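Per-entry structural report
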Amino acid sequence: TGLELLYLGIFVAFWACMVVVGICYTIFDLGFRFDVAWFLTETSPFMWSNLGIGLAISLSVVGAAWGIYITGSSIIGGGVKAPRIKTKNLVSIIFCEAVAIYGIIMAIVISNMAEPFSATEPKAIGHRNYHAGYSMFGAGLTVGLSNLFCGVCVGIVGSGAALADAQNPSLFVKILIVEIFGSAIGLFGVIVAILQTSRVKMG
Amino acid sequence: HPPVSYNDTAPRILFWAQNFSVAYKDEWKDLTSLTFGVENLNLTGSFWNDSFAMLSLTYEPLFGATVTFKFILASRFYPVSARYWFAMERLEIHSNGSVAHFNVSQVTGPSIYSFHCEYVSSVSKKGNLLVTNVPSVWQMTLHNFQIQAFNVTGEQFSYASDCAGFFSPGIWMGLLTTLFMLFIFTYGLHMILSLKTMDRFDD
Amino acid sequence: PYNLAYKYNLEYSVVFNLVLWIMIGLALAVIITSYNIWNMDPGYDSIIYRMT
Amino acid sequence: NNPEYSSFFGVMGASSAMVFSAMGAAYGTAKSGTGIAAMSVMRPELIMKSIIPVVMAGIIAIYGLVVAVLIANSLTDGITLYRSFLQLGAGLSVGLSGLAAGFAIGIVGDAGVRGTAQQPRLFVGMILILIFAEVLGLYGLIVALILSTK
Amino acid sequence: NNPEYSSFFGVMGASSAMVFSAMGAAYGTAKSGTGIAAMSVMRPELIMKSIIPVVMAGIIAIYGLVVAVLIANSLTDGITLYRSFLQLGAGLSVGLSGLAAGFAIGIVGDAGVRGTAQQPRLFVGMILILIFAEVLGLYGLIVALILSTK
Amino acid sequence: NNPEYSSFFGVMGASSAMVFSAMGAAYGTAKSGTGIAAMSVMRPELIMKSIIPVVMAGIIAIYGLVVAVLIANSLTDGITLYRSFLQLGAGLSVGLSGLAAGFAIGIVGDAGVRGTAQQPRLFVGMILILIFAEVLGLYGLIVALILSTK
Amino acid sequence: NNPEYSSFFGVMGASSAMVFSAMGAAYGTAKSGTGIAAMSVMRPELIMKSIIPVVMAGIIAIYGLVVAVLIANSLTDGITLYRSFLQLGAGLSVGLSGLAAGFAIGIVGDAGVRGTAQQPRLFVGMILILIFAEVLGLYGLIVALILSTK
Amino acid sequence: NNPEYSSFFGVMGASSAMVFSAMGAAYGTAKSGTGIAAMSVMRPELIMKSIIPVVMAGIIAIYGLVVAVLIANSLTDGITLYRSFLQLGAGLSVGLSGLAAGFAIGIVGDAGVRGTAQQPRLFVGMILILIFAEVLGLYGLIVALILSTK
Amino acid sequence: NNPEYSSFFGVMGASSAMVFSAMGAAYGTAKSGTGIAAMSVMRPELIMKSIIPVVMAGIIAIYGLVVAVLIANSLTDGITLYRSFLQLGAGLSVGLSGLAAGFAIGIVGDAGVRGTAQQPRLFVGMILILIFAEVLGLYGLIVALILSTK
Amino acid sequence: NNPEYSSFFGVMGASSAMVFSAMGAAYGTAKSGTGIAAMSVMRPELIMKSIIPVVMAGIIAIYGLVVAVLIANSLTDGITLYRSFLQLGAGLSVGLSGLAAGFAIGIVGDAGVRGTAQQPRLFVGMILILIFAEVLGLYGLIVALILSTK
Amino acid sequence: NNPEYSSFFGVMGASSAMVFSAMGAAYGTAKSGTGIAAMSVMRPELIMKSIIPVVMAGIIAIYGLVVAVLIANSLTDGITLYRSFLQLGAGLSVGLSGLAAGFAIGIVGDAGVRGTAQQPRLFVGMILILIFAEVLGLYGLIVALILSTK
Amino acid sequence: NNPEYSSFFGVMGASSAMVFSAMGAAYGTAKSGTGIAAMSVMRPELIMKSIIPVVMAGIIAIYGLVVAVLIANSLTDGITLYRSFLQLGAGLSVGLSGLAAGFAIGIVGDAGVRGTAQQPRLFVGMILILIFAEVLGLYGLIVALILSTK
Ligand SMILES: *[C@@H]1O[C@H](CO)[C@@H](O[C@@H]2O[C@H](CO)[C@@H](O[C@@H]3O[C@H](CO)[C@@H](O)[C@H](O)[C@H]3NC(C)=O)[C@H](O)[C@H]2NC(C)=O)[C@H](O)[C@H]1NC(C)=O
Ligand SMILES: *[C@@H]1O[C@H](CO)[C@@H](O[C@@H]2O[C@H](CO)[C@@H](O)[C@H](O)[C@H]2NC(C)=O)[C@H](O)[C@H]1NC(C)=O
Ligand SMILES: *[C@@H]1O[C@H](CO)[C@@H](O[C@@H]2O[C@H](CO)[C@@H](O)[C@H](O)[C@H]2NC(C)=O)[C@H](O)[C@H]1NC(C)=O
Ligand SMILES: *[C@@H]1O[C@H](CO)[C@@H](O)[C@H](O)[C@H]1NC(C)=O
Ligand SMILES: *[C@@H]1O[C@H](CO)[C@@H](O)[C@H](O)[C@H]1NC(C)=O
Ligand SMILES: *[C@@H]1O[C@H](CO)[C@@H](O)[C@H](O)[C@H]1NC(C)=O
Ligand SMILES: *[C@@H]1O[C@H](CO)[C@@H](O)[C@H](O)[C@H]1NC(C)=O
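Analysis parameters
- Residues numbered from 1 in each chain as written, not as in the entry; some residues may be left out.
- Chains lettered and ligands numbered in written order.
- Part of a larger assembly, values for the part shown.
- Heavy atoms only, no water.
- Helix = DSSP H or I, 4+ residues; strand = E, 2+ residues; numbered from the N terminus.
- Rg over C-alpha atoms; globule rule 2.2 N^0.38 Å.
- Contact = heavy atoms within 4.5 Å.
- Buried < 20%, exposed > 50% of the residue type's maximum accessible area, 1.4 Å probe, protein only.
- Least-squares fit on C-alpha atoms.
- Near = heavy atom within 4 Å.
- Polar contact = N/O pair within 3.5 Å; in protein donor to acceptor, adjacent residues only side chain to side chain.
- Areas by Shrake-Rupley, 256 points an atom, 1.4 Å probe, with all protein chains shown as cover.
- Buried area = accessible area lost by both parts, 1.4 Å probe.
- Salt bridge = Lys/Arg side-chain N within 4 Å of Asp/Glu carboxyl O.
- Core = buried A, V, L, I, M, F, W, Y, C linked by side-chain atoms within 4.5 Å.
- Axes fitted to C-alpha atoms, helices over the stretch in contact; angles between N-to-C directions.
- Parallel < 35°, antiparallel > 145°, perpendicular 65-115°, else oblique.
- Pairing = 2+ DSSP bridges.
- UniProt positions renumbered as here; feature names shortened; annotations may be inferred.
- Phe/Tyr/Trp six-rings, centres within 6.5 Å; stacked < 30°, edge-to-face > 60°.
- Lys NZ or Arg CZ within 6 Å of the ring centre and 35° of its normal.
- Nonpolar A, V, L, I, M, F, W, Y, C, P; charged D, E, K, R; others polar.
- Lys, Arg positive; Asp, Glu negative; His and termini not counted.

Regarding how it was determined, this PDB entry cites cryo-EM in its header, along with a resolution of 3.6 Å.

Pasting the structure below:
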């Protein structure tokens, strides 16, 4: 596969460059030019906040779409010889959208606390704004990734259940147990994203 | 072109520059001929101690009175890295019982190296040595500034930790954003390219 | 003499990034295109598949 | 106070906000078109009905435009970094959500188009699932709007 | 006070609008062409009745060229970086939207040109499907015109 | 005073702690569900039993919580770099341990569902193997605690 | 005044201006000529009438050559950022345009020559598709003549 | 005066001692599980004798846990960075050695468990290969302890 | 005054100009040789007619040598950035154009070699294609010489 | 002016001295057992005789242990750049030599056990082959001593 | 007085030149020998007439040895960085030239040693092809001496 | 004065010199062992003759063994950048030349052993080819030696 080879080439070149650069700089006693403080103090907190805000909805929507297609294709295909399964097996799609609903609510909640400031140097901004930006970025990232993996698992099991239900009517009502257990990880992601940013007082 | 050395029973403060010129009411005038070879320059106000330095150049009667440019430099022990850095903390001008502060910002190098910065004028194509508005007088063009303070050994002038820029303050933010967009565009391209079709046709 | 600095000039920290990214992009483009033009399907028609 | 680097982020947000949605809608229309080509030969009578998935994909395009002009109606030379990154976040959100919705619409449209050819009753069900796919775009738009005021 | 490098970004817009644009007009104008060969052998009568996708691909190429020529005509050497950002953003938006439109028109044409030969009715459907892809291209233009004026 | 970037490391650790645990739990749950669904056709009476794997995967998710909460409660504005490093280490350890344990439970359950479908005496044996996978996850938890409350 | 390294771009845009375009032209031949051979065992009469794709690949190559010379003859020891950066833009534009046009020309030539070996009636329509590709070359030239020139 | 950031490296060492090794042991059970899926369906009586690879994986996990606990316990505030690098090296050493041992144990157990279905005497060969396959982790543990205690 | 590593690019000019030309010629000869070996065994009469795809391919190497001797012998000790960048552009130009030309000769040589085994009348037309397949290189050489004239 | 904190590289040497070499032993086992059980389907009487391929694999592991200890025995606070670099060299040499030996012995044993399954007369001669693979490992150790001793 | 690169580049050129020559000659001779060994199965009686390609591959490695010794001899500690860059360039040039030529010789020799078993008339033609590969070798020398003198 | 980090390059040179020889001798034995195992099943008489390749790869091992010792024989603390560079060049050259020679030895040995399996007297010609491969590595051993004396 050409695309995989391209990705591997880029990745290997990147890491080889990193390793060689690091070793020569460390041997060259030039550790005073590696001042990570400047790297993580020049960056504005609002960049971290807004990246978190974008991801907190983007990744959730990606997971919702993944699960939507993965279950819908099988639901539509398997009902040709059994139209009875069209309406019985709509729970999976409902959960695949509930993921995005949680994502939107979290985006609204974190979107608050965006009062600007006037400081332009690290000594004037202070610790509080740095904490705010980092915490908001972390909350956005964790909620997005949690809901992404949640939606993927939900979609896969929804496809399995929908496909198996066409054989015997008395299957789905008990196979939906894994379907319901899918959403708990997304709920946990939302809870942690809530808790991480419960003490931000940006402004 | 020899530099200027402050001899407190040893080489203690050394200064060099390829240009150093001054303007009062926007009339630029030459001062390198009045330094770097003139041994009678007013160094009475100069002071030295480990972890402190003042270099005061009081140039001779020009435009009605002697004019004093005073560079105030300090150094302190940084806890986390366990090293000794310095920075020219301040700059003052004394003509007639008047004070100002052309505050210095972009200067810091360890006690292992000297400094260098081309075309550090102060005004438009420089962007620093700020006067905090109320712009009254005394523009001053420095080009190829160089300094060593708080410990010297002999007349030797060591290699310099030039602040020409590791990468930059801003392109780090720009590159982070653009790479983040690039990953998503590659997500799009992988699926836009690897779409598939059907062969022949149903009767 | 006094061991002066090399005269590393300002604005260099931007030109480095600019030239680096342009070079990387152009190199990647030529690599991909030549790579695709190598693994090429001639068709395997009656000229090729046929032998003996 | 604010450097000249500021409007960079807002302008790129404005561009991406629509670019990603356009790509998603294009893929959806492509997949639905090949699905229609497959479906047509046996059951012509459903053709004017099977346009329903295609127009649905087209919706995504319009949604992108609802933001793609809006951010462009607020940009100015004297803008701080804060508003610029707000615009960037709105643009990324709407663009990626449009991409995901386009993928989903294309896939389910192809599946339903193939399905109806052999079972007309499937038609109803197809549209139902497609509703969810449209909602994927809608949410992605909404947040962007409330990121243009605050 | 303006930085010297500023004009660079706008210049890249002068490239980018065209750069991806032609690429879209190389995705379709070729692929649909193969389609019109595949059944010139059997039903040559419909050779000119399904060449529409290629003309549309040319139209997206024109959509790119218009923004490119305006971009070049609005050039200067002391451009403030904000106008430079705007110009590059317009170029990127038009280019990538054009690439996507070219893709969609190409694949849909390569499918429909084959579909038409099994039954005539499908022709009507395709006159809609193709045009939907074209809508995307037009949309790109509009946003560029807001980025070159506001 | 302390540096202004101390909390960043703890923030990233708290994020990763749940991200990796969620990915592992999702994989394990998906594979167990697929196995149950595949098996359900032939042996409808074993459906309850084959749920034992999936719930096992769920427990790993809980482990993630027990870390990510604990960091978020102990984080404040001006912590020292030492505590931030400690929390980052604990978070990454538990996250990746949970991920590996999730993969193990997924594979073992996918095989064991089949083994019990075709052979009753298999079942209890595979139960033992599943416990072993869980053991790895728990070990991660231990390390994080010694690296968190210290 | 003018930086001395500024000449770099002034030449680099020239190099790319020949390379990318020319490289696409190679692709073109490698789908046209080969195809003719496959169709030249049974209809040896249609040898000379299948050279048109080759001459159009030649056309797309000469486009890149003429632009490269036009942006390379303006160089001297004191190039200013303005001119050099314009040449970079023009070279990138025309190079990628020629690349896309050559790719499309290659696919068109392959399919068309394959389709003309069984029914001559295709031939005229084949040429039509081909011209829709050749003009794309011209499109690149246009931008290059309004960036490098001014 | 030793700096404060030096402690960071030491913490990361502990992480390796519970991350990398753990992943190895994951394989050390997981592959073996699917091996059982082929063994007991015809030869179930040997299931109780087929747990040995799983116990070896547990032993690898035990080695990882003991070294990780030892590294974490010794950590303090006033560390010379040399100590931190020594701890990092020991942790990486044991982690990668345990990874190798787990991989070899998993593959060998899979091969032997599938092979015993047609050789009743494969038990001794499996054991005698497994001792060698597991000694690697013991050597890595020995050197990890000798480094850490020093 | 001038940079110390300014001559690097001057040497790299000749280096690339020789190496990529040699690579292209070698690949062309290799693939043409595979073609002659595949084809001529059935028909010995053409053992002296499929020699053109090799000897005409070898002209690439002589072109590269013509450039390389001049570039190597046009390097002085007092080279500034301007001259070095001119040399670099010339060398990269000839190298990449020669690569593309070599590729085209290789593929068209394979096609003509395997096509001439059927009927002698494919001797003429294919060689005509070959002419253009070599001009893809010739053009490039010309511009590079201009980049060494200044 | 002692060297700053070079001791880092010193420890890293020890790591390599078994991180690769020990890994090589693992690979060997993964092949040799993969041979033996296959060969056991046929001759169950030669299981004991077929373990000699395994034995030498273990021996190479011991090399990667012993040299490693001889590094960690010299560690102190005041290691200079000299000694630390010598440690790096020794560790890298022995580790990578052991890895190569492991690959060789693994492939040889895998092919050879299956080969000898049919004809015993190979076996005795094959022992000589295996010995030379082991000898490669020996040579590695020697170099990693001589450099480390100076 | 001189930089630290006064001798890094000479050694790098020598090393890389000899390494690339070795890789190229090894691949060429190995491919030719595999061709000979496979050919010998049906017509073993032609081994002693087909040793030519192996020597034609090795001669270029002799030339690489010549250039490696030459770049070695001109290296001292008071040489300006100009000659350092020049010798590195010459070494890399000859190395890659040898690599390409050796690979071409290998491919042609293997395919042709397989081919010649069925037709004696092939014998002459291949020899001519081989000399063409040898031409590339001498071209390397035409530059290898030049950079030594200027 | 001499920078203290000078010994690094000589150290890594010696390490790489031996390591690449190890890799080559591993590859050679790896291929030739499979060859002799395949051959020995049906004709055991030739086994005495077919032990040659691994015995020969041992010499490729010795090539690097001696050079590493000679390199390390002249290392101390007061090494200037010069002699360190020379040692590095010698080491890398010998290592990778031995690697390439061993690669060729392995491929040709396996193929020739398989060929001699039926008709033994190919050992007359096969062996000659083998010698050339070794001799390639000898070109390295001279050059490196020279760079160790100057
Ligand atoms: C050189 O130093 C400063 C930058 O390096 C410039 O600004 C000074 O910084 C102060 C804090 O660092 C400003 O804040 C003021 O602090 C004083 C003293 O605590 C308070 O009374 C003020 O409320 C507070 N804020 C404001 C808005 O005034 C100072 O204003 C300012 N110092 C001054 C004006 O003396 C200085 O401008 C520059 N030095 C001079 C003399 O201009
Ligand atoms: C610094 O070198 C420059 C030339 O590179 C000299 O240029 C003069 O600069 C002053 C103001 O600083 C102007 O008023 C003069 O007109 C310039 N003279 C010219 C261009 O002939 C400058 O003299 C040097 N040093 C000083 C201290 O000014
Ligand atoms: C302090 O000194 C300056 C000179 O550096 C004084 O300049 C006056 O300028 C006029 C110009 O015509 C001269 O004739 C006078 O002799 C100068 N003195 C006075 C008292 O005017 C300037 O006035 C003083 N600056 C202050 C107080 O800011
Ligand atoms: C300082 O001492 C140096 C070194 O001896 C001497 O050359 C120089 O003239 C002295 N400078 C002053 C200002 O006394
Ligand atoms: C130097 O300047 C000071 C400033 O207070 C003055 O008192 C002193 O007399 C001056 N010295 C000379 C030598 O002019
Ligand atoms: C020493 O430095 C201190 C700190 O600023 C200062 O107060 C003192 O005057 C300096 N000089 C001495 C002690 O001679
Ligand atoms: C200046 O350098 C000397 C010599 O290395 C060093 O001992 C001293 O600490 C340095 N000065 C300061 C203030 O740290």
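This part is about the overall build of chain D. Counting secondary structure elements, chain D contains five helices and zero strands. Shown N-terminal to C-terminal, the secondary structure of chain D runs as helices and strands in the order α-α-α-α-α. By the compact-globule yardstick of 15 Å for 150 residues, chain D is too spread out, its C-alpha radius of gyration being 19 Å. Taken over the C-alpha atoms alone, chain D extends approximately 70 × 20 × 20 Å along its principal axes. Put simply, 87% of the contacts in chain D that link residues at least 6 apart link residues at least 24 apart.

Moving on to the overall build of chain A. Per the secondary structure count, chain A includes nine helices and zero strands. Taken from N to C terminus, the helices and strands of chain A fall in the order α-α-α-α-α-α-α-α-α. Since a compact globule built from 203 residues should have a radius of gyration of about 17 Å, the 23 Å found for chain A marks it as more spread out than a globular shape. For chain A, the C-alpha atoms occupy an extent of roughly 70 × 45 × 20 Å along the three principal directions. Looking at chain A residue by residue over its 203 residues, the buried ones come to 52%. Sequence separation of 24 or more characterises 88% of the internal contacts of chain A that already satisfy a separation of 6 or more.

Rotating chain E by 35° and moving it 0.1 Å along the rotation axis overlays it on chain D with an RMSD of 0.9 Å. A different interface surface on each copy is seen, since only 3% of the contact residues of chain E are contact residues in chain D too.

Before going further, it helps to spend a moment on the site of ligand 1. All names here are of chain B. As a structural note, the neighbourhood of ligand 1 is formed by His101, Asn103 and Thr132. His101 places a polar side-chain atom, nitrogen or oxygen, 3.2 Å from a nitrogen atom of ligand 1. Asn103 is positioned with one of its side-chain polar atoms (N or O) 2.3 Å from an oxygen atom of ligand 1. Contact with the protein chains hides 18% of the accessible area of ligand 1, taken as 760 Å² for the molecule alone.

A few words now on the interface of chain E and chain D. Across the boundary between the two partners, chain E contributes 36 residues, which contact 37 residues of chain D. For the pairing of chain E and chain D, the buried interface totals around 3300 Å² over both sides, and the portion due to carbon and sulfur atoms is 79%. On the chain E side of the interface with chain D, the three residues burying the most area are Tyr82(E), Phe85(E) and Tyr139(E), jointly 17% of the side's total. Put simply, chain E and chain D have zero salt bridges between them.

Counting residues in hydrophobic clusters, the biggest one holds 345 residues, and the most contacted among them are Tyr134(A), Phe103(E), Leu147(F), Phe9(G), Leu136(I) and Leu147(K). Counting residues per element, this core draws most heavily on helix 1 (residues 7-39) of chain G, which supplies 19 residues. Setting aside chain neighbours within four positions, we find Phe103(E) in contact with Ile192(B), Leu195(B), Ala26(D), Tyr27(D), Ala30(D), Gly24(E) and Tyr27(E). Ranked by size, the runner-up nonpolar core spans 44 residues in total, among them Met126(J), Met18(K), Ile60(L) and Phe103(L).

This next bit is on the packing of helix 1 of chain G against helix 4 (residues 81-115) of chain I. Where helix 1 of chain G meets helix 4 of chain I, the axes come as close as 9 Å, and the angle between the chain directions of the two elements is 5°. Judged by the inter-axis angle, helix 1 of chain G sits roughly parallel to helix 4 of chain I.

So, on to the sheet that holds strand 1 (residues 4-7) of chain B. Residues and elements named next belong to chain B. Ordered in space as 1-2-11, the three strands form an open sheet in which the pairing is antiparallel. The outermost strands of the open sheet, each flanked by one partner alone, are strand 1 and strand 11 (146-148). Direction aside, neighbouring strands of the sheet carry axes that sit 10° apart on average. Bridge count for strand 2 (residues 11-16) against strand 11 is three bridges, and the pairing is antiparallel. The partner of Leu14 across the bridge, within strand 11, is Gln148.

What follows concerns the UniProt feature "transmembrane region" in chain D. Residue and element names in this part refer to chain D. Here, UniProt's "transmembrane region" annotation points to residues 6-28, 51-71, 88-109 and 127-147. Helix and strand shares over residues 6-28 are 96% and 0% respectively, and the end C-alpha atoms of the span are 35 Å apart. Strand forms 0% of residues 127-147 and helix 95%; the C-alpha atoms that close the span are 31 Å apart.

Bringing the packing of aromatic side chains into the picture now. Summed over all chains, the structure comprises 76 aromatic pairs over all chains. Ring geometry for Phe39(A) against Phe166(B): centres 6.0 Å apart, planes inclined by 70°, an arrangement best described as edge-to-face. Of this pair, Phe39(A) sits in helix 2 (residues 36-42) while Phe166(B) sits in the loop between strand 11 and helix 1 (171-193), placing the two residues on different chains. Between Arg12(B) and the ring centre of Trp48(B), over which it is positioned, the NZ or CZ distance is 4.9 Å.

All names here are of chain B. Here we have five strands laid out as an open sheet, ordered 5-6-7-8-9, and antiparallel in their pairing. This sheet does not close on itself; its edge strands, each paired only once, are strand 5 (47-49) and strand 9 (109-110). Examined bridge by bridge, strand 6 (residues 52-62) and strand 7 (residues 65-78) share eight bridges and lie antiparallel to one another. Residue pairing across strands places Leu62 opposite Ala65, the latter belonging to strand 7.

All names here are of chain A. In this numbering, the UniProt entry assigns the feature "transmembrane region" to residues 3-23, 51-71, 90-110, 137-157 and 175-195. Counting secondary structure, residues 137-157 comes out at 100% helix and 0% strand; the distance between its end C-alpha atoms is 31 Å. Here residues 175-195 runs as 95% helix and 0% strand, with 33 Å between its end C-alpha atoms.

Moving on, we come to the interface of chain I and chain K. Contacts between the two partners involve 35 residues from chain I and, on the opposite side, 28 residues from chain K. A combined buried area of about 2900 Å² lies between chain I and chain K, and 81% of that area is made up of carbon and sulfur atoms. Its largest share of buried area at the contact with chain K, chain I owes to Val11(I), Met18(I) and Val41(I), together 16% of the area lost on that side. Taken together, the links from chain I to chain K amount to four residue pairs in polar contact. If one sorts the elements of the side of chain I that touches chain K by residue count, helix 1 (residues 7-39) of chain I sits on top with 16 residues. For the side of chain I that touches chain K, the residue count by class is 25 nonpolar, eight polar and two charged.

It is worth spelling out the side chain of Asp162(B) at this point. Structurally, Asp162(B) can be placed in the loop between strand 11 and helix 1. As a buried residue without a salt bridge, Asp162(B) has its nearest oppositely charged side chain in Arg33(A), at a separation of 7.1 Å. If we skip the residues at most four places from it in the chain, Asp162(B) touches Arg33(A), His116(B), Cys117(B) and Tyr8(C).

Attention now goes to the packing of helix 5 (residues 121-149) of chain J against helix 1 (residues 7-39) of chain L. The contact between helix 5 of chain J and helix 1 of chain L brings their axes to 10 Å, and the two run at 175°. Comparing their axes, helix 1 of chain L and helix 5 of chain J come out roughly antiparallel. Of helix 1 of chain L, the residues touching helix 5 of chain J (which contributes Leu122(J), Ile129(J), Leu136(J), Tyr139(J), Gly140(J), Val143(J) and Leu147(J)) are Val11(L), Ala14(L), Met18(L), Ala22(L), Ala25(L), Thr29(L), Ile36(L) and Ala37(L). Across the contact of helix 5 of chain J with helix 1 of chain L, the residue classes tally to 13 nonpolar, two polar and no charged.

Our next topic: the pattern of salt bridges. Between side chains of opposite charge, a pair can form when the charged atoms approach closely. Inspection of every chain in the model, using the stated rule, returns 23 salt bridges over all chains. Note that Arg43(J) and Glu45(J) form a salt bridge whose closest N and O atoms lie 3.8 Å from each other. With relative accessibility at 37%, the residue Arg43(J) sits in the partly exposed group. Here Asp110(K) and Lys31(K) are joined by a salt bridge, their closest N and O atoms 4.0 Å apart. Note that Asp110(K) is positioned in helix 3 (residues 81-116) and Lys31(K) in helix 1 (residues 8-39), a separation of 79 residues in sequence. For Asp110(K), a relative accessible area of 12% corresponds to the buried category. Through salt bridges with shared partners, a single ionic network connects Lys70(B), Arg90(B) and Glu92(B).

Nothing in chain D touches chain I, and the closest approach of their C-alpha atoms is 30 Å. Regarding chain F and chain I, the two do not touch, and the least distance separating their C-alpha atoms is 40 Å.

Attention shifts here to unusual backbone geometry. Residue and element names in this part refer to chain B. Phi at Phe36 takes a positive value of approximately 60°, unusual for a residue other than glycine. For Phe36, the location among the structural elements is in the loop between strand 4 (28-30) and strand 5. One non-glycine residue, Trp138, lies in the positive phi region at around 65°. Mapped onto the fold, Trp138 is located in the loop between strand 9 and strand 10 (139-143).

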